[PDB]
Amino acid sequence: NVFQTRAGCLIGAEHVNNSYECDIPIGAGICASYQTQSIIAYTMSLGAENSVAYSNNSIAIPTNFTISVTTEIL
Amino acid sequence: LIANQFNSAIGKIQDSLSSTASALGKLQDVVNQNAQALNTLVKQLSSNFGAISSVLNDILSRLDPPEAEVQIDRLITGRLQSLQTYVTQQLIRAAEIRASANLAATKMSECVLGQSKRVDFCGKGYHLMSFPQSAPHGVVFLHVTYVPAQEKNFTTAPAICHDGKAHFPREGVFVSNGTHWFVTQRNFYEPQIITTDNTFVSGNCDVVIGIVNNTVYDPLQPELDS
Amino acid sequence: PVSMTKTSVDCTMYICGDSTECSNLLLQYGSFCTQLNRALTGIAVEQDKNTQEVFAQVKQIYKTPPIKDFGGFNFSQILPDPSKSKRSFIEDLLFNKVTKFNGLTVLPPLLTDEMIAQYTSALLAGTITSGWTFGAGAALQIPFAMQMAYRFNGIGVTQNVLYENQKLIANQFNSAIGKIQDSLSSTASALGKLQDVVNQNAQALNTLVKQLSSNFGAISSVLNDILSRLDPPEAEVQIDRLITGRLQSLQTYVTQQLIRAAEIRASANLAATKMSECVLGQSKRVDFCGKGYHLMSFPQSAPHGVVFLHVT
Ligand SMILES: *[C@@H]1O[C@H](CO)[C@@H](O[C@@H]2O[C@H](CO)[C@@H](O)[C@H](O)[C@H]2NC(C)=O)[C@H](O)[C@H]1NC(C)=O
Ligand SMILES: *[C@@H]1O[C@H](CO)[C@@H](O[C@@H]2O[C@H](CO)[C@@H](O)[C@H](O)[C@H]2NC(C)=O)[C@H](O)[C@H]1NC(C)=O
Ligand SMILES: *[C@@H]1O[C@H](CO)[C@@H](O[C@@H]2O[C@H](CO)[C@@H](O)[C@H](O)[C@H]2NC(C)=O)[C@H](O)[C@H]1NC(C)=O
Ligand SMILES: *[C@@H]1O[C@H](CO)[C@@H](O[C@@H]2O[C@H](CO)[C@@H](O)[C@H](O)[C@H]2NC(C)=O)[C@H](O)[C@H]1NC(C)=O
Ligand SMILES: *[C@@H]1O[C@H](CO)[C@@H](O)[C@H](O)[C@H]1NC(C)=O
Ligand SMILES: *[C@@H]1O[C@H](CO)[C@@H](O)[C@H](O)[C@H]1NC(C)=O
Ligand SMILES: *[C@@H]1O[C@H](CO)[C@@H](O)[C@H](O)[C@H]1NC(C)=O
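Rendered as structure tokens:
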């Protein structure tokens, strides 16, 4: 069940082709995770790839609006 | 609607905090680092530092002064080194905490006592205000931000040609739903008929790339006709 | 500079490497070397937190449309090259201008260089196609000419100025980008700020390794030569001298690292603030975002740091 990486070699976690957000950092891209059960180690994903329809004459303008209230501890 | 959104968001802050305890990680890390440094300094008392035993009374008793002196001096060197390491760790940690305290002072004085345009200084999004809240060995803000949600496409154009003169919006942007043209503010859809009280003229059509053709209404013509 | 080298040092295998006698004797000094290991692990984690704070600011991963209709602005030098580590031209120039077994492991960074380059390319494409709305909320497309019109309206200059001088503006822009290319490729003394972080870490490590081969007042700077020559009683005195010396050296190095990492974290906080208030927006803070009236910025990654292009 071995799996060699760039940070060492991970004994006891299967390599998955998928890529979800980083759960347990490992090193050099890899990020472990526990999902149904077993522990998986993959290459973390930076986020949902989202192009934008940019033209030279198209725009986007909001109509509604949310008033969010975030919290910042210091 | 805005007041209801504000109250609902405050309630969500209440729920998040009252339920999940992993939100005060920063303050907890400060307290834990200090307590760990102190317990390490104390447990350093129970070390031999090479001496015959950590108990100073034991050394003083079981050895004559001429040699108990060198044993006790070795223990002194050990304990003094440990204490100096602790004081250096505290100096560095206090520099970092003062960095965070200057940051909190700046954040309170700009966010709370005013309204800062510095993006992502006062919570992701446009800033409205932010109320502080105390917390043990810290402070906690509630950055009331304004986020836009629902948008359409509205094919646009940089300016319009009415009588060969280029017309740019004084404060807004030209859009076209697919039927007619309108000038609206940039952050909230609010179309308005393109009158000369909203746009200003400059130059002509021979310059502005991507200009379009339309007639900008004038309120003075009907007042002259009537 | 944004991050340091995630160095880790093993107290035991450094001080008394491969000696149960020396290990046991060091054990009498208490939690000293556990303290050191915990400090260096704190530094090693803080480095990844620094890089995260600086770059990982965009929610999604935006990607420019292939139809490059940018009113004349070229942008090809900073957008990724799909034919390489998919980095941009100026990211590459920034790369190539920047240049043992004692428990001195060197952990790897958590965000690889290609993931860093993907992050800054996301930020760059979002900026290009949507101004600031992607940092203020959901990204709203808008033609680049109209965006630069907004920016011009920010510094107290009516839009018609741009809308009339667009071609001259695009020419000046592209020429300035080319000048940046030439400068970075010719006078490689521009990356001193990063190269000196690297040199300072290398010299700290070299001093730390040299200190291994000094007597500190003992008879032989080789623990094994001391062990294989003397009795336990005298060897204990000699080994005690060596342990004292090596531990003082290791503590000095770790304190230097703590101070330098505090400095680097100050610089990474400054880079995070700079990206948030400069890229993702348009700051009216004079001389904070380029000497002059500010228009926008474009981040470009670099080895252990970030590089902006303050378009003023
Ligand atoms: C803006 O968003 C609010 C929030 O979703 C919309 O109001 C909601 O409308 C639905 C329709 O039945 C109700 O069920 C919700 O209770 C409403 N929520 C709130 C907070 O009012 C609103 O319609 C949207 N548009 C405008 C113009 O306000
Ligand atoms: C807007 O309308 C004006 C006149 O109504 C157009 O002006 C003429 O357009 C034709 C066709 O492009 C040209 O050959 C002429 O030289 C223009 N000037 C005159 C005095 O005839 C103008 O082209 C229209 N613009 C758009 C974008 O439709
Ligand atoms: C953006 O700039 C690049 C660099 O000058 C342009 O690519 C060059 O194009 C010329 C002629 O088209 C060639 O001689 C160079 O070898 C090209 N350089 C590279 C690095 O490819 C590019 O054409 C410009 N973009 C636009 C839209 O004009
Ligand atoms: C404003 O400045 C620009 C840039 O210095 C001038 O544009 C250049 O003018 C020279 C000589 O007239 C030309 O050789 C260049 O090709 C022009 N473009 C660039 C990018 O250098 C411009 O003439 C100045 N005056 C104006 C716009 O009225
Ligand atoms: C993951 O990808 C590797 C090749 O990179 C392949 O050999 C393996 O079968 C894949 N496994 C899964 C579960 O997709
Ligand atoms: C209109 O905007 C939406 C974004 O909500 C986008 O998905 C769509 O492609 C746009 N329309 C066209 C014709 O591209
Ligand atoms: C804008 O894009 C359209 C669609 O490709 C193109 O026909 C036009 O030449 C472009 N430029 C202007 C100024 O409209």
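Residue numbers (the deposited numbering), protein chains in the order written: chain A, 641 to 676, 690 to 727; chain B, 922 to 1147; chain C, 728 to 811, 813 to 827, 854 to 1066. Every residue gets a Cβ at the ideal spot worked out from N, C-alpha and C, and that includes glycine.
Short check: CB of residue i to CB of residue j, under 9 Å?
i, j, result
"C:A972", "B:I1013", "no"
"C:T761", "C:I882", "no"
"C:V1065", "C:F927", "yes"
"C:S975", "C:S968", "yes"
"B:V1060", "B:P1053", "yes"
"residue 842 of chain C", "C:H1048", "Absent from the coordinates is residue 842 of chain C, which sits in the stretch where chain C moves from 827 straight to 854."
"C:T887", "C:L894", "yes"
"A:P665", "C:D867", "no"
"C:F802", "C:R815", "no"
"A:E661", "A:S698", "yes"
"C:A1022", "C:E748", "no"
"C:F782", "C:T739", "no"
"B:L996", "B:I980", "yes"
"B:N1119", "B:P1090", "yes"
"C:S735", "C:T778", "no"
"C:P793", "C:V951", "no"
"B:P1112", "B:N1098", "yes"
"B:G1131", "C:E918", "no"
"C:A876", "C:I805", "no"
"B:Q1010", "C:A766", "yes"
"B:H1088", "B:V1137", "yes"
"A:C649", "A:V656", "no"
Within the present structure, is the beta-carbon of residue i separated from the nearest heavy atom of ligand 5 by less than 8 Å?
i, result
"A:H655", "yes"
So does residue i have its beta carbon nearer than 8 Å to some heavy atom of ligand 6?
i, result
"B:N1074", "yes"
"A:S711", "yes"
"A:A706", "yes"
For residue i, return the contacting residues in chain C, with the cut-off set at a CB-CB distance below 9 Å.
i, result
"B:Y1047", "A890, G891"
"B:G1124", "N914, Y917, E918"
"B:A1080", "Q913, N914, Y917"
Kindly list, in the order they appear in chain B, the residues whose Cβ is closer than 7 Å to that of residue i.
i, result
"A:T716", "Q1071, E1072, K1073, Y1110"
"C:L858", "In chain order: nothing, as chain B lies at least about 21 Å away."
"C:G1035", "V1040"
What does residue i touch in chain A if you count any residue whose Cβ is under 9 Å from its own?
i, result
"B:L1024", "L727"
"B:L1063", "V722, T723, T724, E725"
"B:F927", "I720, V722"
"B:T961", "Within chain A, no residue comes near B:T961; the closest Cβ sits about 26 Å away, beyond 9 Å."
"B:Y1007", "Per Cβ cutoff of 9 Å: no residues; B:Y1007 is ~25 Å from chain A at best."
Please tell me whether, using a cut-off of 8 Å, the distance from the CB of residue i to the nearest non-hydrogen atom of ligand 2 is below it.
i, result
"B:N1134", "yes"
"A:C662", "no"
"B:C1043", "no"
"B:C1126", "yes"
Ligand 7 heavy atoms versus the CB of residue i: any closer than 8 Å?
i, result
"B:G1131", "yes"
"C:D796", "yes"
For residue i, return the contacting residues in chain C, with the cut-off set at a CB-CB distance below 7 Å.
i, result
"B:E1017", "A1016"
"B:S968", "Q755, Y756, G757"
List, in chain order, every chain A residue whose beta-carbon is nearer than 7 Å to that of residue i.
i, result
"C:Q804", "Neighbours of C:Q804 on chain A: none; closest Cβ ~19 Å, over 7 Å."
Taking 8 Å as the cut-off, is the beta-carbon of residue i closer than that to any non-hydrogen atom of ligand 1?
i, result
"A:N658", "no"
"C:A783", "no"
"B:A1070", "yes"
"B:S1055", "no"
"A:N717", "yes"
"B:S929", "yes"
So which residues on chain B does residue i lean against when the C-beta distance must stay under 9 Å?
i, result
"C:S1030", "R1039, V1040, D1041, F1042"
Please list, in chain order, the chain A residues whose beta carbon lies closer than 8 Å to that of residue i.
i, result
"B:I934", "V722, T724"
"C:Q872", "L699"
Using a Cβ-Cβ distance cut-off of 9 Å, determine whether residue i contacts chain E.
i, result
"B:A942", "Among the chains of the structure shown, chain E does not appear; the protein chains present are A, B and C."
Could you tell me which chain C residues have their CB closer than 8 Å to the CB of residue i, listed as they occur along the chain?
i, result
"A:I712", "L894, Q895, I896, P897, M900"
"A:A706", "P792, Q895"
"B:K964", "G757, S758"
message = Please enumerate, following chain order, all residues with a beta carbon closer than 6 Å to at least one heavy atom belonging to ligand 4.
response = C:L922, C:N925, C:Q926
message = Beta-carbon distances below 5 Å to any heavy atom of ligand 3 define the shell here; list its residues in chain order, please.
response = C:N801, C:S803
key: Secondary structure, alpha helix (DSSP H): runs of 4+ residues fully inside the segment 955-1025 of chain C   = 977-981
message = To test your reading of the DSSP string, which unbroken beta strand (DSSP E) runs of 3 or more residues are found completely within the segment 888-915 of chain C?
response = none
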